[PDB]
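Q: I have a structure here, written as structure tokens, and I will follow up with some questions on it.
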Amino acid sequence: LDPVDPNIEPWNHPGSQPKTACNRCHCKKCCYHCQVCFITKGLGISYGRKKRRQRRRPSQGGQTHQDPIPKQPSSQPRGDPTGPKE
């Protein structure tokens with residue numbers, strides 16, 4: 001775990017497939033800060049996250065992030081045409 005930063009850097013979704021196209025729907029919103037496989041396998045449950053583990057807070061151009069942009073989809077309804085987020 002914790003290779004580059006997260007396991008496969010899965011903080012870049014269209015907001016219409018990995019979280020809408022009949023995907024997982026069981027471990028993505030399992031009340032746990034929504035980590036979705038990141039620096040720790042505990043899923044940010046309570047091992048001691050540092051937030052800076054992302055090393056790309058300013059990167060959110062269609063990133064559909066969860067911790068940095070939990071505000072909304074962002075860069076979707078007003079940025080890149082993902083699908084039904086416009």
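Residues in the structure tokens are named by chain (A, B, ... in the order shown) and by number from 1 within that chain; ligands are numbered from 1 in the order shown.
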Need the shell around segment 22-36 of chain A: protein/DNA/RNA residues with any atom at most 10 Å away, counting only C-alpha atoms. Skip same-chain ones fewer than 4 positions apart. Format as JSON, numbers by chain?
A: {"A": [6, 7, 8, 9, 10, 11, 16, 17, 18, 40, 41, 42, 43, 44, 45, 46, 65, 66, 67, 70]}
